[PDB]
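Chemist: Quick one, model26.pdb (PDB, C-alpha atoms (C1' of nucleotides) and all ligand atoms):
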ATOM      1  CA  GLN A 300      90.337 166.955  43.001  1.00  0.00           C
ATOM      2  CA  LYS A 301      90.141 167.065  39.207  1.00  0.00           C
ATOM      3  CA  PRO A 302      93.511 167.618  37.491  1.00  0.00           C
ATOM      4  CA  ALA A 303      94.114 168.095  33.769  1.00  0.00           C
ATOM      5  CA  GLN A 304      95.744 164.651  33.340  1.00  0.00           C
ATOM      6  CA  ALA A 305      95.680 163.274  29.746  1.00  0.00           C
ATOM      7  CA  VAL A 306      94.641 159.619  29.070  1.00  0.00           C
ATOM      8  CA  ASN A 307      97.396 157.565  30.840  1.00  0.00           C
ATOM      9  CA  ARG A 308      95.589 154.278  31.727  1.00  0.00           C
ATOM     10  CA  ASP A 309      97.229 150.844  31.370  1.00  0.00           C
ATOM     11  CA  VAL A 310      96.154 148.908  28.276  1.00  0.00           C
ATOM     12  CA  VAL A 311      96.768 145.232  27.479  1.00  0.00           C
ATOM     13  CA  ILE A 312      97.335 144.430  23.790  1.00  0.00           C
ATOM     14  CA  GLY A 313      97.078 141.099  22.000  1.00  0.00           C
ATOM     15  CA  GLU A 314      99.092 139.743  19.099  1.00  0.00           C
ATOM     16  CA  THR A 315      96.821 141.011  16.295  1.00  0.00           C
ATOM     17  CA  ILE A 316      94.474 143.967  16.821  1.00  0.00           C
ATOM     18  CA  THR A 317      92.366 146.320  14.710  1.00  0.00           C
ATOM     19  CA  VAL A 318      91.008 149.855  14.623  1.00  0.00           C
ATOM     20  CA  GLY A 319      87.439 149.105  15.662  1.00  0.00           C
ATOM     21  CA  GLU A 320      88.435 147.555  18.976  1.00  0.00           C
ATOM     22  CA  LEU A 321      91.396 149.926  19.409  1.00  0.00           C
ATOM     23  CA  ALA A 322      88.933 152.826  19.475  1.00  0.00           C
ATOM     24  CA  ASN A 323      87.632 151.811  22.906  1.00  0.00           C
ATOM     25  CA  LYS A 324      90.492 149.640  24.204  1.00  0.00           C
ATOM     26  CA  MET A 325      92.570 152.794  24.758  1.00  0.00           C
ATOM     27  CA  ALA A 326      89.620 155.221  25.175  1.00  0.00           C
ATOM     28  CA  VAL A 327      91.625 158.198  23.760  1.00  0.00           C
ATOM     29  CA  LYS A 328      89.832 161.621  23.744  1.00  0.00           C
ATOM     30  CA  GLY A 329      90.070 162.201  19.947  1.00  0.00           C
ATOM     31  CA  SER A 330      87.605 159.492  18.784  1.00  0.00           C
ATOM     32  CA  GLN A 331      88.264 160.206  15.046  1.00  0.00           C
ATOM     33  CA  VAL A 332      91.679 161.805  15.861  1.00  0.00           C
ATOM     34  CA  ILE A 333      92.725 158.286  17.065  1.00  0.00           C
ATOM     35  CA  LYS A 334      91.600 156.900  13.664  1.00  0.00           C
ATOM     36  CA  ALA A 335      93.590 159.578  11.752  1.00  0.00           C
ATOM     37  CA  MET A 336      96.676 158.825  13.916  1.00  0.00           C
ATOM     38  CA  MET A 337      97.171 155.434  12.157  1.00  0.00           C
ATOM     39  CA  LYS A 338      96.072 156.694   8.712  1.00  0.00           C
ATOM     40  CA  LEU A 339      98.711 159.415   9.095  1.00  0.00           C
ATOM     41  CA  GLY A 340     101.598 157.266  10.324  1.00  0.00           C
ATOM     42  CA  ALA A 341     101.380 154.689   7.533  1.00  0.00           C
ATOM     43  CA  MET A 342      98.987 153.336   4.930  1.00  0.00           C
ATOM     44  CA  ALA A 343      95.921 152.234   6.886  1.00  0.00           C
ATOM     45  CA  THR A 344      92.149 152.026   6.602  1.00  0.00           C
ATOM     46  CA  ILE A 345      88.978 151.743   8.668  1.00  0.00           C
ATOM     47  CA  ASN A 346      89.216 147.944   8.888  1.00  0.00           C
ATOM     48  CA  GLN A 347      93.018 147.686   8.888  1.00  0.00           C
ATOM     49  CA  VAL A 348      94.671 145.239  11.301  1.00  0.00           C
ATOM     50  CA  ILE A 349      98.003 145.904  13.007  1.00  0.00           C
ATOM     51  CA  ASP A 350     100.396 143.581  14.819  1.00  0.00           C
ATOM     52  CA  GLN A 351     101.455 143.550  18.462  1.00  0.00           C
ATOM     53  CA  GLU A 352     104.790 145.225  17.723  1.00  0.00           C
ATOM     54  CA  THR A 353     103.041 147.830  15.570  1.00  0.00           C
ATOM     55  CA  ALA A 354     100.455 148.055  18.353  1.00  0.00           C
ATOM     56  CA  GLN A 355     103.246 148.813  20.831  1.00  0.00           C
ATOM     57  CA  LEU A 356     104.487 151.483  18.428  1.00  0.00           C
ATOM     58  CA  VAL A 357     100.968 152.921  18.357  1.00  0.00           C
ATOM     59  CA  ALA A 358     100.655 152.891  22.152  1.00  0.00           C
ATOM     60  CA  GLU A 359     104.000 154.679  22.286  1.00  0.00           C
ATOM     61  CA  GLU A 360     102.565 157.321  19.956  1.00  0.00           C
ATOM     62  CA  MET A 361      99.546 157.706  22.242  1.00  0.00           C
ATOM     63  CA  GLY A 362     101.859 157.620  25.259  1.00  0.00           C
ATOM     64  CA  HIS A 363      99.542 155.659  27.535  1.00  0.00           C
ATOM     65  CA  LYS A 364     100.884 152.734  29.532  1.00  0.00           C
ATOM     66  CA  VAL A 365     101.503 149.749  27.240  1.00  0.00           C
ATOM     67  CA  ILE A 366     101.163 146.048  28.096  1.00  0.00           C
ATOM     68  CA  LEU A 367     102.220 143.336  25.635  1.00  0.00           C
ATOM     69  CA  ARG A 368     100.780 139.817  25.843  1.00  0.00           C
ATOM     70  CA  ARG A 369     101.642 136.972  23.470  1.00  0.00           C
ATOM     71  CA  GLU A 370     100.620 133.326  23.556  1.00  0.00           C
ATOM     72  CA  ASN A 371     104.138 131.859  23.383  1.00  0.00           C
ATOM     73  CA  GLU A 372     104.823 132.775  27.036  1.00  0.00           C
ATOM     74  CA  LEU A 373     103.934 129.227  28.096  1.00  0.00           C
ATOM     75  CA  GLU A 374     107.020 127.812  26.331  1.00  0.00           C
ATOM     76  CA  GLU A 375     109.185 130.682  27.729  1.00  0.00           C
ATOM     77  CA  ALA A 376     108.205 129.973  31.386  1.00  0.00           C
ATOM     78  CA  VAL A 377     109.130 126.268  30.959  1.00  0.00           C
ATOM     79  CA  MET A 378     112.478 127.242  29.343  1.00  0.00           C
ATOM     80  CA  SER A 379     113.269 129.692  32.218  1.00  0.00           C
ATOM     81  CA  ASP A 380     112.882 127.063  35.011  1.00  0.00           C
ATOM     82  CA  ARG A 381     115.439 124.807  33.229  1.00  0.00           C
ATOM     83  CA  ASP A 382     118.664 124.432  35.329  1.00  0.00           C
TER      84      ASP A 382
ATOM     85  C1'   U B   1      87.483 148.460  53.257  1.00  0.00           C
ATOM     86  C1'   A B   2      85.782 153.777  53.748  1.00  0.00           C
ATOM     87  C1'   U B   3      85.405 158.281  51.045  1.00  0.00           C
ATOM     88  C1'   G B   4      84.798 159.642  46.265  1.00  0.00           C
ATOM     89  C1'   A B   5      79.767 164.321  40.961  1.00  0.00           C
ATOM     90  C1'   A B   6      84.794 167.132  37.159  1.00  0.00           C
ATOM     91  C1'   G B   7      77.192 162.645  37.637  1.00  0.00           C
ATOM     92  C1'   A B   8      84.845 162.731  33.636  1.00  0.00           C
ATOM     93  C1'   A B   9      86.310 160.366  29.152  1.00  0.00           C
ATOM     94  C1'   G B  10      84.783 156.069  25.831  1.00  0.00           C
ATOM     95  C1'   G B  11      80.486 152.962  24.573  1.00  0.00           C
ATOM     96  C1'   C B  12      75.278 152.530  23.437  1.00  0.00           C
ATOM     97  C1'   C B  13      70.439 154.629  22.995  1.00  0.00           C
ATOM     98  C1'   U B  14      68.781 159.393  21.579  1.00  0.00           C
ATOM     99  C1'   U B  15      62.279 163.377  20.235  1.00  0.00           C
ATOM    100  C1'   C B  16      69.834 165.602  19.418  1.00  0.00           C
ATOM    101  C1'   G B  17      67.435 169.132  24.406  1.00  0.00           C
ATOM    102  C1'   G B  18      69.279 164.366  26.914  1.00  0.00           C
ATOM    103  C1'   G B  19      69.457 159.202  29.415  1.00  0.00           C
ATOM    104  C1'   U B  20      72.536 155.192  30.758  1.00  0.00           C
ATOM    105  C1'   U B  21      77.056 152.278  31.742  1.00  0.00           C
ATOM    106  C1'   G B  22      77.725 154.928  37.497  1.00  0.00           C
ATOM    107  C1'   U B  23      80.470 155.938  43.228  1.00  0.00           C
ATOM    108  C1'   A B  24      81.003 152.654  38.827  1.00  0.00           C
ATOM    109  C1'   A B  25      86.019 154.489  37.459  1.00  0.00           C
ATOM    110  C1'   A B  26      90.090 158.211  38.585  1.00  0.00           C
ATOM    111  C1'   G B  27      91.908 160.797  42.908  1.00  0.00           C
ATOM    112  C1'   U B  28      92.121 160.833  48.802  1.00  0.00           C
ATOM    113  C1'   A B  29      92.517 157.892  53.372  1.00  0.00           C
ATOM    114  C1'   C B  30      92.572 152.482  55.997  1.00  0.00           C
ATOM    115  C1'   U B  31      93.570 147.243  56.508  1.00  0.00           C
ATOM    116  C1'   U B  32      97.351 142.408  55.120  1.00  0.00           C
ATOM    117  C1'   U B  33      92.868 136.796  56.019  1.00  0.00           C
ATOM    118  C1'   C B  34      95.500 133.079  52.256  1.00  0.00           C
ATOM    119  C1'   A B  35      99.484 132.545  49.056  1.00  0.00           C
ATOM    120  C1'   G B  36     105.280 134.149  49.293  1.00  0.00           C
ATOM    121  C1'   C B  37     109.944 135.058  52.456  1.00  0.00           C
ATOM    122  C1'   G B  38     112.347 134.096  57.616  1.00  0.00           C
ATOM    123  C1'   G B  39     112.093 132.702  63.115  1.00  0.00           C
ATOM    124  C1'   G B  40     109.643 129.481  66.880  1.00  0.00           C
ATOM    125  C1'   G B  41     106.928 125.277  68.191  1.00  0.00           C
ATOM    126  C1'   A B  42     102.222 120.898  70.679  1.00  0.00           C
ATOM    127  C1'   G B  43      99.819 115.839  70.171  1.00  0.00           C
ATOM    128  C1'   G B  44      99.828 111.194  68.007  1.00  0.00           C
ATOM    129  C1'   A B  45     104.514 107.327  73.001  1.00  0.00           C
ATOM    130  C1'   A B  46     101.985 102.993  75.284  1.00  0.00           C
ATOM    131  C1'   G B  47     106.352 100.846  76.023  1.00  0.00           C
ATOM    132  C1'   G B  48     110.784  97.992  75.738  1.00  0.00           C
ATOM    133  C1'   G B  49     116.302  98.215  77.940  1.00  0.00           C
ATOM    134  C1'   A B  50     120.095  98.843  82.243  1.00  0.00           C
ATOM    135  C1'   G B  51     120.769  99.034  87.295  1.00  0.00           C
ATOM    136  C1'   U B  52     118.849  99.189  92.539  1.00  0.00           C
ATOM    137  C1'   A B  53     115.164  98.190  96.420  1.00  0.00           C
ATOM    138  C1'   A B  54     111.406  95.125  98.869  1.00  0.00           C
ATOM    139  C1'   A B  55     107.924  91.031  98.845  1.00  0.00           C
ATOM    140  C1'   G B  56     107.303  85.548  97.013  1.00  0.00           C
ATOM    141  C1'   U B  57     110.369  80.643  96.059  1.00  0.00           C
ATOM    142  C1'   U B  58     114.178  77.260  98.046  1.00  0.00           C
ATOM    143  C1'   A B  59     119.276  73.685 101.517  1.00  0.00           C
ATOM    144  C1'   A B  60     120.038  78.608  99.754  1.00  0.00           C
ATOM    145  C1'   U B  61     121.857  84.791 100.728  1.00  0.00           C
ATOM    146  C1'   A B  62     121.400  82.042  94.345  1.00  0.00           C
ATOM    147  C1'   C B  63     118.285  82.036  89.308  1.00  0.00           C
ATOM    148  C1'   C B  64     113.292  83.074  88.510  1.00  0.00           C
ATOM    149  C1'   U B  65     108.021  85.785  89.570  1.00  0.00           C
ATOM    150  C1'   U B  66     105.375  90.456  91.648  1.00  0.00           C
ATOM    151  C1'   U B  67     105.841  95.874  92.723  1.00  0.00           C
ATOM    152  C1'   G B  68     108.785 100.140  93.051  1.00  0.00           C
ATOM    153  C1'   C B  69     112.621 103.829  92.345  1.00  0.00           C
ATOM    154  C1'   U B  70     116.498 105.728  89.290  1.00  0.00           C
ATOM    155  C1'   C B  71     119.374 106.400  84.138  1.00  0.00           C
ATOM    156  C1'   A B  72     119.521 106.633  78.944  1.00  0.00           C
ATOM    157  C1'   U B  73     116.327 106.214  74.956  1.00  0.00           C
ATOM    158  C1'   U B  74     112.021 104.827  70.787  1.00  0.00           C
ATOM    159  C1'   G B  75     108.207 109.190  64.810  1.00  0.00           C
ATOM    160  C1'   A B  76     107.599 107.436  57.941  1.00  0.00           C
ATOM    161  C1'   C B  77     104.322 111.481  58.420  1.00  0.00           C
ATOM    162  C1'   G B  78     107.777 116.144  58.895  1.00  0.00           C
ATOM    163  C1'   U B  79     110.083 122.031  57.194  1.00  0.00           C
ATOM    164  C1'   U B  80     103.411 118.422  61.287  1.00  0.00           C
ATOM    165  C1'   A B  81      99.053 121.124  63.840  1.00  0.00           C
TER     166        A B  81
HETATM  167  K     K C   1      78.767 160.861  28.182  1.00  0.00           K
HETATM  168 MG    MG C   2     101.330 131.948  54.129  1.00  0.00          MG
HETATM  169 MG    MG C   3     100.797 111.447  76.185  1.00  0.00          MG
HETATM  170 MG    MG C   4     106.069 113.364  71.301  1.00  0.00          MG
HETATM  171 MG    MG C   5     106.445  89.779  97.209  1.00  0.00          MG
END
Starting from the coordinates I provided, produce the structure as structure tokens.
Modeler:
Amino acid sequence: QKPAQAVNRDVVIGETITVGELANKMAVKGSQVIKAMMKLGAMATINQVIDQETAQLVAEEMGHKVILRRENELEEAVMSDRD
RNA sequence: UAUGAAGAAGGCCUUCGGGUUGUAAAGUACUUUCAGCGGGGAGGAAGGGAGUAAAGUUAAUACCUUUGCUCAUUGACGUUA
């Protein structure tokens, strides 16, 4: 019952994230390969911090399921209910 | 909820041989309490009103009183329980 499925788990991302937490938040197989993935795509470092849109771009590169959460939703829900 | 050892990745500790997070997760079967969407549906209502009957009262079959029977009705809660 063990297929060869690659990492495809759902991952929630915040507004501003960094490499150190991103290492285990996605749990990708290439522990350093994940680190090189950013350093290759654009100028980036060990401690570099990316944004939620850039984080969505990253998750697209990894291909795992992506979830975007931002704090402004509270205003959006109120706006939606308006008649 | 039951099953679930590739005792998986990733983390951490490592006497780098391993241990642990751990049946935990993933996968495979089973169920829908509550919320959500529709349908149905108690109890809180006792009464009061209109006729009609008989008893009681009187000059009086009237009017009034006591007891029936019959008819239509009384809920903010409330889209109730
Ligand atoms: K391990
Ligand atoms: Mg319900
Ligand atoms: Mg009753
Ligand atoms: Mg009732
Ligand atoms: Mg009498």
Chemist: What are the residues of chain B that have an atom within 7 Å of an atom of chain A, counting all atoms listed in the file, as a count of residues only?
Modeler: 4
Chemist: Pick the closest to ligand MG 5 (chain C) from B:80, B:1, B:52, B:57: which is it, counting only C-alpha atoms (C1' of nucleotides) and all ligand atoms?
Modeler: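 Distance minimum relative to ligand MG 5 (chain C) lands on B:57.
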Chemist: Can you work out which residues are within 10 Å of ligand K 1 (chain C), considering all atoms listed in the file, and then hand them over as a count of residues only?
Modeler: 8
Chemist: Return as CSV the residues of chain B lying at most 10 Å from ligand MG 4 (chain C), together with the closest atom-to-atom pair for each and the distance in Å to one decimal, counting all atoms listed in the file, with rows in chain order and ascending residue number.
Modeler:
residue,atom,partner,partner_atom,distance
B:42,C1',C:MG4,MG,8.5
B:43,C1',C:MG4,MG,6.8
B:44,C1',C:MG4,MG,7.4
B:45,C1',C:MG4,MG,6.5
B:75,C1',C:MG4,MG,8.0
Chemist: Please dump the current selection as a PDB file, keeping the file's coordinate frame; keep C-alpha atoms (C1' of nucleotides).
Modeler:
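The result, stored in selection07.pdb:
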ATOM      1  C1'   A B  42     102.222 120.898  70.679  1.00  0.00           C
ATOM      2  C1'   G B  43      99.819 115.839  70.171  1.00  0.00           C
ATOM      3  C1'   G B  44      99.828 111.194  68.007  1.00  0.00           C
ATOM      4  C1'   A B  45     104.514 107.327  73.001  1.00  0.00           C
ATOM      5  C1'   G B  75     108.207 109.190  64.810  1.00  0.00           C
TER       6        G B  75
END
Chemist: Report as a Markdown table: every residue of chain B with an atom at most 8 Å from ligand MG 2 (chain C), its closest pair of atoms, and their distance in Å to one decimal, counting only C-alpha atoms (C1' of nucleotides) and all ligand atoms, with rows sorted by chain and ascending residue number.
Modeler:
| residue | atom | partner | partner_atom | distance |
| --- | --- | --- | --- | --- |
| B:34 | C1' | C:MG2 | MG | 6.2 |
| B:35 | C1' | C:MG2 | MG | 5.4 |
| B:36 | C1' | C:MG2 | MG | 6.6 |
Chemist: Show me which residues sit within 7 Å of ligand MG 5 (chain C) when counting only C-alpha atoms (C1' of nucleotides) and all ligand atoms, and put them as a list in words.
Modeler: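 Written in the requested form, the residues are residues 55, 56 and 66 of chain B.
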Chemist: When the PyMOL selection byres (((chain A and resi 352) around 10) and not hetatm) is applied to the structure above, which residues does it catch, written out as a compact mmCIF listing (two decimals) with C-alpha atoms, in the coordinates of the input?
Modeler:
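In the end it all went to part32.txt:
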# COMPACT_ATOMS: atom_id res chain seq x y z
CA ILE A 312 97.34 144.43 23.79
CA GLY A 313 97.08 141.10 22.00
CA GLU A 314 99.09 139.74 19.10
CA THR A 315 96.82 141.01 16.30
CA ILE A 349 98.00 145.90 13.01
CA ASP A 350 100.40 143.58 14.82
CA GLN A 351 101.46 143.55 18.46
CA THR A 353 103.04 147.83 15.57
CA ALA A 354 100.46 148.06 18.35
CA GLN A 355 103.25 148.81 20.83
CA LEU A 356 104.49 151.48 18.43
CA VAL A 357 100.97 152.92 18.36
CA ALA A 358 100.66 152.89 22.15
CA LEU A 367 102.22 143.34 25.64
Chemist: One decimal, Å: what's the distance from atom MG of ligand MG 3 (chain C) over to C1' of residue 51 (chain B), could you say?
Modeler: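 Atom-to-atom, atom MG of ligand MG 3 (chain C) to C1' of residue 51 (chain B), that is 26.0 Å.
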Chemist: Starting from the displayed file, determine the output of the PyMOL selection byres (((chain B and resi 23) around 8) and not hetatm) and express the residue list as a list in words.
Modeler: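 This file, filtered by the PyMOL selection byres (((chain B and resi 23) around 8) and not hetatm), leaves residues 4, 22 and 24 of chain B.
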Chemist: Using C-alpha atoms (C1' of nucleotides), give me region 21-59 of chain B from the structure I just pasted, as a PDB file, in the first residue's frame.
Modeler:
ATOM      1  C1'   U B  21       8.206  12.186  17.399  1.00  0.00           C
ATOM      2  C1'   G B  22       4.696   7.002  16.215  1.00  0.00           C
ATOM      3  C1'   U B  23      -0.500   3.723  14.306  1.00  0.00           C
ATOM      4  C1'   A B  24       1.131   8.933  15.098  1.00  0.00           C
ATOM      5  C1'   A B  25       0.651  10.400   9.806  1.00  0.00           C
ATOM      6  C1'   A B  26      -0.441   8.660   4.565  1.00  0.00           C
ATOM      7  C1'   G B  27      -3.425   4.846   2.276  1.00  0.00           C
ATOM      8  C1'   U B  28      -7.998   1.191   2.986  1.00  0.00           C
ATOM      9  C1'   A B  29     -12.984   0.470   5.064  1.00  0.00           C
ATOM     10  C1'   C B  30     -17.435   2.533   8.541  1.00  0.00           C
ATOM     11  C1'   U B  31     -20.640   6.160  10.840  1.00  0.00           C
ATOM     12  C1'   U B  32     -23.519  11.737  10.381  1.00  0.00           C
ATOM     13  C1'   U B  33     -24.624  13.342  17.353  1.00  0.00           C
ATOM     14  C1'   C B  34     -24.653  19.225  16.808  1.00  0.00           C
ATOM     15  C1'   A B  35     -24.317  23.080  13.429  1.00  0.00           C
ATOM     16  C1'   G B  36     -26.488  23.985   7.889  1.00  0.00           C
ATOM     17  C1'   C B  37     -30.670  23.102   4.105  1.00  0.00           C
ATOM     18  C1'   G B  38     -36.156  21.403   3.522  1.00  0.00           C
ATOM     19  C1'   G B  39     -40.852  18.800   5.372  1.00  0.00           C
ATOM     20  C1'   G B  40     -44.019  17.721   9.771  1.00  0.00           C
ATOM     21  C1'   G B  41     -45.634  18.761  14.575  1.00  0.00           C
ATOM     22  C1'   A B  42     -47.293  18.441  21.258  1.00  0.00           C
ATOM     23  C1'   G B  43     -48.051  21.325  26.025  1.00  0.00           C
ATOM     24  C1'   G B  44     -48.488  25.863  28.365  1.00  0.00           C
ATOM     25  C1'   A B  45     -56.218  27.098  27.600  1.00  0.00           C
ATOM     26  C1'   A B  46     -58.718  27.684  32.477  1.00  0.00           C
ATOM     27  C1'   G B  47     -62.285  30.304  30.324  1.00  0.00           C
ATOM     28  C1'   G B  48     -65.420  34.075  28.370  1.00  0.00           C
ATOM     29  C1'   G B  49     -69.576  34.583  24.149  1.00  0.00           C
ATOM     30  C1'   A B  50     -74.346  32.852  21.402  1.00  0.00           C
ATOM     31  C1'   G B  51     -78.425  29.791  21.524  1.00  0.00           C
ATOM     32  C1'   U B  52     -81.453  25.674  23.779  1.00  0.00           C
ATOM     33  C1'   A B  53     -83.135  22.547  27.906  1.00  0.00           C
ATOM     34  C1'   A B  54     -84.618  21.706  33.064  1.00  0.00           C
ATOM     35  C1'   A B  55     -84.808  23.226  38.215  1.00  0.00           C
ATOM     36  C1'   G B  56     -85.581  27.894  41.595  1.00  0.00           C
ATOM     37  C1'   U B  57     -88.486  32.980  41.817  1.00  0.00           C
ATOM     38  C1'   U B  58     -93.298  35.453  41.015  1.00  0.00           C
ATOM     39  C1'   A B  59     -99.927  37.599  39.517  1.00  0.00           C
TER      40        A B  59
END
